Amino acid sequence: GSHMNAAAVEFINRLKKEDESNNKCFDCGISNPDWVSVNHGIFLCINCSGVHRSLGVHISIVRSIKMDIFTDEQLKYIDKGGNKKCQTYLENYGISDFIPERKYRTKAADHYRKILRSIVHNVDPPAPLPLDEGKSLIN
């Protein structure tokens, strides 16, 4: 109901006040992103959320902070992620400046999804991905 929705917004705002990079869109950098790619634990603007939608459900799961209800598991993805952790991971593999169709289909981005998922489920992470495999795209 209304209470569960309001507590979720309060949670997101805490994460935006904790890690300031959550207050800029992950892909384009504009301030006050009101959308989330849950699967990546990142914050996006309305336009970049549209780009993510065209990537398909295997790549990105998109939610609006203003308009959508969030499941408790979905909020955990954001709690264990954030813009900073994803950006650092993508930068480390040299793929952070790739356009979305390439960036989110890299082994590096796919590997980050698996890492975040494992943190959410409190299980062992996948083996570290070799740097030279990171730029290659998944099938």
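Numbering starts at 1 and runs along the sequence shown.
When the C-alpha temperature factors are averaged for each of 106 to 114 and 65 to 73, which stretch ends up with the higher value in the entry?
Per the deposited B-factors, the answer is 65 to 73.
Can you tell me which third, lowest, middle or highest, the CA B-factor of residue 87 falls into for its chain?
Lowest third - that is where residue 87 ends up once the chain's C-alpha B-factors are sorted.
Once the chain's modelled residues are ordered by C-alpha B factor and cut into thirds, is residue 30 in the lowest, middle or highest one?
Highest third, going by the recorded CA B-factors of the chain.
Determine, from the deposited record, the chain-internal third of the Cα B-factor for residue 9: lowest, middle or highest.
Highest third, going by the recorded CA B-factors of the chain.
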